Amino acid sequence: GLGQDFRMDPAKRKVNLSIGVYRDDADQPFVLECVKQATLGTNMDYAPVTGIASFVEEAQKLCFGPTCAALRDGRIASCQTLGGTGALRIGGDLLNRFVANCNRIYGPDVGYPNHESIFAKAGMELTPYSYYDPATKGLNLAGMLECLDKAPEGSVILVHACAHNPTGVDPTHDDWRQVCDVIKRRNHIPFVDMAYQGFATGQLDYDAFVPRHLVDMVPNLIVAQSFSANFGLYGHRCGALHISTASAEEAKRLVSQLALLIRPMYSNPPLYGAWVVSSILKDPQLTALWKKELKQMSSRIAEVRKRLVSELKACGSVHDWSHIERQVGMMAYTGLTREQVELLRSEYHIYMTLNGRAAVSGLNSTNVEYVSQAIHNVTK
């Protein structure tokens, strides 16, 4: 992380657009009011290996919603995990229990850096499908669909549910309907990384469209669910893993196998996050409060994207920045070149990674004008 150089930078006017976590308009970490009001347990005894049971139940219901048949019929195997990262790893380690010939996983051509190592450790080579279009800083749907169609039948296909990291480029629900048809027809196994449900657009149901739509279409769906961003619980390491199966008996056999993976890795998961999420989701008042706060976070991110674009136009930039508003979530592929990123750092002390990814959570009312002028100056 570029944090060290930013911190060491003596310049009076500097901006860190490399951060990985939410910040409010005052550039402060943001502890949710619903999290402050959550009730903790009183016992520090170990949780069960598969997690606090009420937490896992609420995580399932939040992921799949109130009218999910799979959930009703008990055919989903689930557990608490060490954030979304733990779910990706434990899920990856579980895949050979139900996927034949399981040595490859397909992910978007521009994707989340840690995915490669996670799945390598689990015995699978991450291989790309067409996804990001650098000319438009947007989606290459035709390319995605063709790659999925040509992949061997029974391939594992990694997809981001929403707020694609690092580009911010998300397919529409129309686009996802086409994607899921290919996944079903080719008998592929979807592995959904859902790290930003509710955080992405402020709408929990909309943001969970991809796992909810797939769970009825395929024999097995995997979902890695993170509570880091949407509850602001990052460092407490709170997530869940879900695998759908044909029957409650199949799900039970997979939960036993989950336990055999968890116990010799970390024995059992940390209490704090699970207490907080379970407390909030079982309380109507706290749940309502949480939903209001989700919208506050998602609206601020959306509005600062919109403000960046409008300020760029006000500065006199003649280039097109509409991708910044089309993209969703904290991470934006700006389209700035390596040279331009290097100039923003040297000349303006604005820090972002060399791929032109900007963490827009670092943008706010007090610096968006400065950053816009800088981006105009290095691109004009």
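Position 1 is the first residue in the sequence shown; the rest follow in order.
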| property | result |
| --- | --- |
| Higher-scoring stretch by recorded Cα B factor average, 210-218 or 78-86 | 210-218 |
| Greater mean Cα temperature factor according to the PDB record, 68-76 or 229-237 | 68-76 |
| Top residue by Cα temperature factor, when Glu116, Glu249, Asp93, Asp205 are compared in the entry | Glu249 |
| Relative C-alpha B-factor of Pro284, binned into the chain's lowest, middle or highest third | highest |
| Record-listed C-alpha B factor of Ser322: chain third | lowest |
| Assigned third (lowest, middle, highest) for the C-alpha B factor of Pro269 | lowest |
| Lowest, middle or highest third - CA B-factor, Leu62 | middle |
| Chain thirds of CA B-factor: placement of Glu146 | highest |
